[PDB]
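Novice: Supplied structure: model.cif, mmCIF, C-alpha atoms.
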```cif
data_final
loop_
_atom_site.label_atom_id
_atom_site.label_comp_id
_atom_site.auth_asym_id
_atom_site.auth_seq_id
_atom_site.Cartn_x
_atom_site.Cartn_y
_atom_site.Cartn_z
CA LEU A 699 26.07 34.45 -37.14
CA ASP A 700 27.81 34.56 -33.75
CA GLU A 701 24.97 36.57 -32.21
CA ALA A 702 22.42 34.16 -33.68
CA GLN A 703 24.34 31.19 -32.27
CA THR A 704 24.52 32.82 -28.83
CA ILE A 705 20.77 33.50 -28.89
CA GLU A 706 20.21 29.92 -30.08
CA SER A 707 22.16 28.59 -27.11
CA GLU A 708 20.22 30.88 -24.76
CA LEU A 709 16.90 29.66 -26.18
CA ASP A 710 18.05 26.04 -25.95
CA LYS A 711 18.90 26.62 -22.28
CA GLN A 712 15.46 28.18 -21.73
CA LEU A 713 13.77 25.21 -23.41
CA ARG A 714 15.82 22.78 -21.32
CA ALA A 715 14.70 24.56 -18.16
CA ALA A 716 11.06 24.56 -19.29
CA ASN A 717 11.15 20.80 -19.94
CA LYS A 718 11.01 20.28 -16.17
CA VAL A 719 7.50 21.75 -15.99
CA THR A 720 6.25 19.43 -18.74
CA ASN A 721 7.81 16.39 -17.05
CA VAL A 722 6.37 17.25 -13.64
CA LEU A 723 2.91 17.90 -15.09
CA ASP A 724 3.04 14.67 -17.11
CA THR A 725 4.00 12.64 -14.04
CA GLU A 726 1.29 14.32 -11.97
CA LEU A 727 -1.33 13.70 -14.67
CA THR A 728 -0.31 10.05 -14.99
CA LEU A 729 -0.52 9.52 -11.23
CA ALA A 730 -3.84 11.38 -11.06
CA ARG A 731 -5.28 9.29 -13.90
CA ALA A 732 -4.14 6.07 -12.22
CA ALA A 733 -5.69 7.12 -8.91
CA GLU A 734 -8.89 8.23 -10.67
CA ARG A 735 -9.16 4.88 -12.45
CA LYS A 736 -8.66 3.10 -9.12
CA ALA A 737 -11.36 5.24 -7.51
CA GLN A 738 -13.72 4.64 -10.44
CA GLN A 739 -13.28 0.86 -10.32
CA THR A 740 -13.81 0.89 -6.54
CA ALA A 741 -16.88 3.13 -6.86
CA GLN A 742 -18.59 1.08 -9.60
CA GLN A 743 -18.93 -2.04 -7.43
CA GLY A 744 -22.72 -1.57 -7.53
CA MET A 745 -24.90 0.71 -5.42
CA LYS A 746 -28.43 2.05 -5.25
CA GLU A 747 -29.04 5.79 -4.98
CA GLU A 748 -30.59 5.30 -1.54
CA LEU B 300 16.15 4.64 8.36
CA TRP B 301 15.72 8.00 6.61
CA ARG B 302 19.50 8.47 6.70
CA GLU B 303 19.86 5.10 4.98
CA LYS B 304 17.27 6.26 2.43
CA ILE B 305 19.28 9.44 1.89
CA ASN B 306 22.44 7.35 1.50
CA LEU B 307 20.84 5.35 -1.31
CA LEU B 308 19.30 8.43 -2.92
CA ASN B 309 22.61 10.31 -2.90
CA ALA B 310 24.26 7.59 -4.98
CA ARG B 311 21.28 7.30 -7.33
CA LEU B 312 21.12 11.08 -7.81
CA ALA B 313 24.88 11.20 -8.38
CA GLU B 314 24.57 8.56 -11.11
CA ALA B 315 21.67 10.43 -12.73
CA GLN B 316 23.62 13.70 -12.55
CA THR B 317 26.64 12.02 -14.16
CA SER B 318 24.44 10.73 -16.99
CA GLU B 319 22.84 14.15 -17.51
CA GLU B 320 26.20 15.93 -17.42
CA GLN B 321 27.75 13.52 -19.91
CA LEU B 322 24.80 13.92 -22.27
CA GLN B 323 24.97 17.71 -21.95
CA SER B 324 28.72 17.67 -22.58
CA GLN B 325 28.25 15.56 -25.71
CA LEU B 326 25.50 17.90 -26.91
CA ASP B 327 27.68 20.96 -26.31
CA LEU B 328 30.58 19.28 -28.11
CA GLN B 329 28.24 18.65 -31.04
CA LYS B 330 27.45 22.37 -30.94
CA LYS B 331 31.18 23.06 -30.58
CA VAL B 332 31.96 21.20 -33.81
CA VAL B 333 30.27 24.17 -35.47
CA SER B 334 33.00 26.46 -34.13
CA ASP B 335 35.71 23.92 -34.98
CA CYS B 336 34.57 24.03 -38.60
CA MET B 337 34.95 27.82 -38.50
CA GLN B 338 38.43 27.44 -37.02
CA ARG B 339 39.44 25.05 -39.81
CA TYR B 340 37.90 27.38 -42.41
CA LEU B 341 39.99 30.26 -41.06
CA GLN B 342 43.12 28.09 -40.76
CA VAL B 343 43.23 26.82 -44.36
CA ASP B 689 34.44 18.82 -51.25
CA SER B 690 36.28 22.06 -50.52
CA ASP B 691 36.90 23.12 -46.93
CA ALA B 692 33.89 25.46 -46.93
CA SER B 693 31.61 22.76 -48.36
CA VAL B 694 32.83 20.26 -45.75
CA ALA B 695 32.21 22.82 -43.00
CA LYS B 696 28.68 23.38 -44.33
CA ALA B 697 27.98 19.65 -44.49
CA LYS B 698 29.32 19.13 -40.96
CA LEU B 699 27.29 22.03 -39.53
CA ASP B 700 24.14 20.64 -41.14
CA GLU B 701 24.99 17.15 -39.84
CA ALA B 702 25.52 18.49 -36.31
CA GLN B 703 22.22 20.38 -36.38
CA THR B 704 20.44 17.24 -37.59
CA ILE B 705 22.06 15.04 -34.93
CA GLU B 706 21.29 17.62 -32.24
CA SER B 707 17.65 16.57 -31.87
CA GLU B 708 18.22 13.03 -30.57
CA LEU B 709 20.88 14.16 -28.09
CA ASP B 710 18.55 16.91 -26.87
CA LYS B 711 15.73 14.40 -26.32
CA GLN B 712 18.09 12.05 -24.47
CA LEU B 713 19.19 14.98 -22.30
CA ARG B 714 15.52 15.75 -21.62
CA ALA B 715 15.00 12.16 -20.47
CA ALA B 716 18.13 12.38 -18.31
CA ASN B 717 16.79 15.59 -16.76
CA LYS B 718 13.48 13.82 -16.11
CA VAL B 719 15.31 11.06 -14.24
CA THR B 720 17.51 13.55 -12.37
CA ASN B 721 14.50 15.62 -11.29
CA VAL B 722 12.67 12.51 -10.08
CA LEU B 723 15.70 11.47 -8.03
CA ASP B 724 16.20 15.02 -6.72
CA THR B 725 12.58 15.13 -5.55
CA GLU B 726 13.09 11.75 -3.87
CA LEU B 727 16.22 13.05 -2.13
CA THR B 728 14.42 16.23 -1.05
CA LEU B 729 11.57 14.23 0.49
CA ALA B 730 14.00 11.89 2.25
CA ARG B 731 16.00 14.86 3.55
CA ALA B 732 12.83 16.53 4.83
CA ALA B 733 11.79 13.36 6.68
CA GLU B 734 15.29 12.96 8.13
CA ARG B 735 15.30 16.60 9.25
CA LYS B 736 11.93 16.08 10.94
CA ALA B 737 13.25 13.01 12.76
CA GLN B 738 16.65 14.54 13.58
CA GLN B 739 15.79 17.04 16.31
CA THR B 740 13.55 14.57 18.15
CA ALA B 741 16.16 11.79 18.16
CA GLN B 742 19.00 14.05 19.34
CA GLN B 743 17.55 14.34 22.86
CA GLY B 744 19.80 11.51 24.04
CA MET B 745 19.05 8.59 26.38
CA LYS B 746 20.31 6.85 29.47
CA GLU B 747 20.80 3.10 29.27
CA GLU B 748 17.97 2.53 31.76
CA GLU B 749 15.74 4.52 29.38
CA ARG B 750 16.72 2.97 26.04
CA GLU B 751 16.66 -0.59 27.39
CA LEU B 752 13.28 0.18 28.97
CA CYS B 753 12.08 1.31 25.54
CA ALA B 754 13.46 -1.96 24.16
CA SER B 755 10.53 -3.64 25.93
CA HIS B 756 8.51 -4.75 22.88
CA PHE B 757 8.87 -1.51 20.97
CA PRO B 758 8.97 -2.45 17.28
CA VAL B 759 12.17 -2.63 15.24
CA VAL B 760 11.03 -0.62 12.23
CA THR B 761 12.90 -1.28 8.98
CA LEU B 762 13.52 0.78 5.86
CA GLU B 763 10.65 -0.84 3.93
CA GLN B 764 8.35 -0.13 6.90
CA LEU B 765 9.81 3.37 7.30
CA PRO B 766 7.01 5.12 5.32
CA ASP B 767 4.52 3.51 7.73
CA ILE B 768 6.51 4.38 10.87
CA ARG B 769 3.96 7.00 11.95
CA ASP B 770 1.23 4.35 11.92
CA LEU B 771 3.38 2.04 14.06
CA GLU B 772 4.10 4.85 16.52
CA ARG B 773 0.38 5.59 16.82
CA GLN B 774 -0.41 1.89 17.23
CA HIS B 775 2.06 1.50 20.09
CA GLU B 776 0.87 4.78 21.61
CA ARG B 777 -2.59 3.21 21.75
CA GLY B 778 -1.17 -0.07 23.04
CA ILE B 779 0.60 1.60 25.96
CA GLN B 780 -2.28 4.00 26.69
CA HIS B 781 -4.90 1.24 26.88
CA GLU B 782 -2.76 -0.87 29.21
CA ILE B 783 -1.97 2.16 31.37
CA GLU B 784 -5.65 2.98 31.82
CA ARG B 785 -6.48 -0.69 32.44
CA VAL B 786 -3.85 -0.78 35.19
CA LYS B 787 -5.29 2.50 36.51
CA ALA B 788 -8.73 0.89 36.80
CA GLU B 789 -7.14 -2.12 38.50
CA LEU B 790 -5.43 0.27 40.93
CA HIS B 791 -8.77 1.91 41.71
CA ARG B 792 -10.26 -1.53 42.37
CA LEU B 793 -7.35 -2.35 44.68
CA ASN B 794 -7.96 0.97 46.44
CA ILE B 795 -11.57 -0.09 47.06
CA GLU B 796 -10.40 -3.48 48.32
CA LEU B 797 -7.89 -1.84 50.66
CA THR B 798 -10.45 0.52 52.18
#
```
Please render this file's structure as structure tokens.
Specialist:
Amino acid sequence: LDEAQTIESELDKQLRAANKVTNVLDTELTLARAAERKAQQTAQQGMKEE
Amino acid sequence: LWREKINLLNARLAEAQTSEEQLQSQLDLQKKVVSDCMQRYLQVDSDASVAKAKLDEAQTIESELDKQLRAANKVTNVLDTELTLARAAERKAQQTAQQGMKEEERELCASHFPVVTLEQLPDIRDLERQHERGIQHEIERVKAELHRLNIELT
């Protein structure tokens, strides 16, 4: 039980550390989606192929 | 201006770190109640049943505290990135500003150089380029005028 609890704490630490990657990627994806929506709305103002 | 930014970001990051540390301490205390139940079990709705119920309760409660700690870590990482960027900008500006000035130099620079503020600090490079152009254009205009005066003199 003690060994299992120690391993549980170690895995919880590892998961806590990994949460940073998910947060950074989520923030980057949100910013990228906002910028892409801005670019799309600016691009769709009407234009001929020529 | 970047040192002022770093001053603000230090306090904000300290507050975020305090929040994260308090949440982590509460989570670890919740985990520690598991060991306290063992200590009571060794020391003595029996005691064992109460220890079992409390361990299950702690494990159930653990999820929300863990999610709150994840949010606190999100905030702390955002503020740490902000502080890192501010520190990088301040380091970039530091070596250039340390050159030192005479009064006749700084007061000369006070001739319609802009007084950039913290809100305008991100755009300071644009202002520096704009005034570079402003001085360069006038210098070359005066150079052309000097050439014209040379022609007049001859």
Novice: Could you list, as a PDB file with C-alpha atoms, keeping the file's coordinate frame, every residue of chain A that has an atom within 12 Å of an atom of chain B, counting all atoms listed in the file?
Specialist:
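Now in out.pdb:
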```pdb
ATOM      1  CA  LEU A 699      26.070  34.450 -37.140  1.00  0.00           C
ATOM      2  CA  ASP A 700      27.810  34.560 -33.750  1.00  0.00           C
ATOM      3  CA  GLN A 703      24.340  31.190 -32.270  1.00  0.00           C
ATOM      4  CA  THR A 704      24.520  32.820 -28.830  1.00  0.00           C
ATOM      5  CA  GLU A 706      20.210  29.920 -30.080  1.00  0.00           C
ATOM      6  CA  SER A 707      22.160  28.590 -27.110  1.00  0.00           C
ATOM      7  CA  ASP A 710      18.050  26.040 -25.950  1.00  0.00           C
ATOM      8  CA  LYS A 711      18.900  26.620 -22.280  1.00  0.00           C
ATOM      9  CA  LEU A 713      13.770  25.210 -23.410  1.00  0.00           C
ATOM     10  CA  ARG A 714      15.820  22.780 -21.320  1.00  0.00           C
ATOM     11  CA  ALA A 715      14.700  24.560 -18.160  1.00  0.00           C
ATOM     12  CA  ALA A 716      11.060  24.560 -19.290  1.00  0.00           C
ATOM     13  CA  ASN A 717      11.150  20.800 -19.940  1.00  0.00           C
ATOM     14  CA  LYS A 718      11.010  20.280 -16.170  1.00  0.00           C
ATOM     15  CA  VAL A 719       7.500  21.750 -15.990  1.00  0.00           C
ATOM     16  CA  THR A 720       6.250  19.430 -18.740  1.00  0.00           C
ATOM     17  CA  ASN A 721       7.810  16.390 -17.050  1.00  0.00           C
ATOM     18  CA  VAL A 722       6.370  17.250 -13.640  1.00  0.00           C
ATOM     19  CA  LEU A 723       2.910  17.900 -15.090  1.00  0.00           C
ATOM     20  CA  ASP A 724       3.040  14.670 -17.110  1.00  0.00           C
ATOM     21  CA  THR A 725       4.000  12.640 -14.040  1.00  0.00           C
ATOM     22  CA  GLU A 726       1.290  14.320 -11.970  1.00  0.00           C
TER      23      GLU A 726
END
```
Novice: Record the distance separating atom CA of residue 301 of chain B and atom CA of residue 730 of chain B, expressed in Å with one decimal.
Specialist: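 Going from atom CA of residue 301 of chain B over to atom CA of residue 730 of chain B, I get 6.1 Å.
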Novice: Hey, can you check how far atom CA of residue 695 of chain B sits from atom CA of residue 332 of chain B?
Specialist: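 Atom CA of residue 695 of chain B sits 9.3 Å away from atom CA of residue 332 of chain B.
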Novice: Kindly list the centre and edge lengths in Å, rounded to one decimal, for the axis-aligned box that covers all listed atoms of segment 710-715 of chain B plus 8 Å on each of its six sides, as JSON.
Specialist:
```
{"center_x": 17.1, "center_y": 14.5, "center_z": -23.7, "size_x": 20.2, "size_y": 20.9, "size_z": 22.4}
```
Novice: Could you state the separation of atom CA of residue 320 of chain B and atom CA of residue 720 of chain B in Å, given to one decimal place?
Specialist: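 Taking atom CA of residue 320 of chain B as the start and atom CA of residue 720 of chain B as the end point, the length is 10.3 Å.
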Novice: Convert the output of the PyMOL selection byres ((chain B and resi 307-314) around 12) on the shown file into explicit residues, formatted as a PDB file with C-alpha atoms, in the frame of the given file.
Specialist:
```pdb
ATOM      1  CA  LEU B 300      16.150   4.640   8.360  1.00  0.00           C
ATOM      2  CA  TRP B 301      15.720   8.000   6.610  1.00  0.00           C
ATOM      3  CA  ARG B 302      19.500   8.470   6.700  1.00  0.00           C
ATOM      4  CA  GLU B 303      19.860   5.100   4.980  1.00  0.00           C
ATOM      5  CA  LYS B 304      17.270   6.260   2.430  1.00  0.00           C
ATOM      6  CA  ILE B 305      19.280   9.440   1.890  1.00  0.00           C
ATOM      7  CA  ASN B 306      22.440   7.350   1.500  1.00  0.00           C
ATOM      8  CA  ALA B 315      21.670  10.430 -12.730  1.00  0.00           C
ATOM      9  CA  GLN B 316      23.620  13.700 -12.550  1.00  0.00           C
ATOM     10  CA  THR B 317      26.640  12.020 -14.160  1.00  0.00           C
ATOM     11  CA  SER B 318      24.440  10.730 -16.990  1.00  0.00           C
ATOM     12  CA  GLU B 319      22.840  14.150 -17.510  1.00  0.00           C
ATOM     13  CA  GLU B 320      26.200  15.930 -17.420  1.00  0.00           C
ATOM     14  CA  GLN B 321      27.750  13.520 -19.910  1.00  0.00           C
ATOM     15  CA  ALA B 716      18.130  12.380 -18.310  1.00  0.00           C
ATOM     16  CA  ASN B 717      16.790  15.590 -16.760  1.00  0.00           C
ATOM     17  CA  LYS B 718      13.480  13.820 -16.110  1.00  0.00           C
ATOM     18  CA  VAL B 719      15.310  11.060 -14.240  1.00  0.00           C
ATOM     19  CA  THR B 720      17.510  13.550 -12.370  1.00  0.00           C
ATOM     20  CA  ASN B 721      14.500  15.620 -11.290  1.00  0.00           C
ATOM     21  CA  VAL B 722      12.670  12.510 -10.080  1.00  0.00           C
ATOM     22  CA  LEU B 723      15.700  11.470  -8.030  1.00  0.00           C
ATOM     23  CA  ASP B 724      16.200  15.020  -6.720  1.00  0.00           C
ATOM     24  CA  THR B 725      12.580  15.130  -5.550  1.00  0.00           C
ATOM     25  CA  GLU B 726      13.090  11.750  -3.870  1.00  0.00           C
ATOM     26  CA  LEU B 727      16.220  13.050  -2.130  1.00  0.00           C
ATOM     27  CA  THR B 728      14.420  16.230  -1.050  1.00  0.00           C
ATOM     28  CA  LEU B 729      11.570  14.230   0.490  1.00  0.00           C
ATOM     29  CA  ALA B 730      14.000  11.890   2.250  1.00  0.00           C
ATOM     30  CA  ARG B 731      16.000  14.860   3.550  1.00  0.00           C
ATOM     31  CA  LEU B 762      13.520   0.780   5.860  1.00  0.00           C
TER      32      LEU B 762
END
```
Novice: Can you spit out segment 329-710 of chain B with C-alpha atoms, as an mmCIF file, in the first residue's frame, from the structure just given?
Specialist:
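File written: selection_21.cif
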```cif
data_model
loop_
_atom_site.group_PDB
_atom_site.id
_atom_site.type_symbol
_atom_site.label_atom_id
_atom_site.label_comp_id
_atom_site.auth_asym_id
_atom_site.auth_seq_id
_atom_site.Cartn_x
_atom_site.Cartn_y
_atom_site.Cartn_z
ATOM 1 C CA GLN B 329 -5.917 15.932 1.663
ATOM 2 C CA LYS B 330 -3.521 13.175 0.609
ATOM 3 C CA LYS B 331 -1.940 13.359 4.071
ATOM 4 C CA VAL B 332 -5.278 12.657 5.771
ATOM 5 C CA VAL B 333 -4.816 9.159 4.345
ATOM 6 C CA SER B 334 -1.700 8.719 6.486
ATOM 7 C CA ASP B 335 -3.384 10.340 9.496
ATOM 8 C CA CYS B 336 -6.107 7.693 9.302
ATOM 9 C CA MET B 337 -3.383 5.034 9.373
ATOM 10 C CA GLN B 338 -1.801 6.724 12.392
ATOM 11 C CA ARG B 339 -5.137 6.731 14.229
ATOM 12 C CA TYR B 340 -5.731 3.100 13.239
ATOM 13 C CA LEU B 341 -2.358 2.140 14.717
ATOM 14 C CA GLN B 342 -2.893 4.313 17.808
ATOM 15 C CA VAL B 343 -6.243 2.852 18.909
ATOM 16 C CA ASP B 689 -18.506 3.039 12.721
ATOM 17 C CA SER B 690 -15.380 1.370 14.088
ATOM 18 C CA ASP B 691 -12.009 3.069 13.708
ATOM 19 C CA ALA B 692 -11.123 0.990 10.640
ATOM 20 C CA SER B 693 -14.472 1.743 8.985
ATOM 21 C CA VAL B 694 -14.053 5.465 9.682
ATOM 22 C CA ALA B 695 -10.545 5.349 8.210
ATOM 23 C CA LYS B 696 -11.916 3.625 5.104
ATOM 24 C CA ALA B 697 -14.711 6.173 4.722
ATOM 25 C CA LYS B 698 -12.283 9.070 5.168
ATOM 26 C CA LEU B 699 -9.794 7.659 2.648
ATOM 27 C CA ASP B 700 -12.592 7.219 0.107
ATOM 28 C CA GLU B 701 -13.839 10.745 0.840
ATOM 29 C CA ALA B 702 -10.346 12.189 0.377
ATOM 30 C CA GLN B 703 -9.876 10.363 -2.924
ATOM 31 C CA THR B 704 -13.264 11.634 -4.124
ATOM 32 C CA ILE B 705 -12.516 15.222 -3.070
ATOM 33 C CA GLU B 706 -9.065 15.042 -4.677
ATOM 34 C CA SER B 707 -10.365 15.613 -8.211
ATOM 35 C CA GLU B 708 -11.706 19.148 -7.739
ATOM 36 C CA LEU B 709 -8.601 20.303 -5.867
ATOM 37 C CA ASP B 710 -6.427 18.820 -8.619
#
```
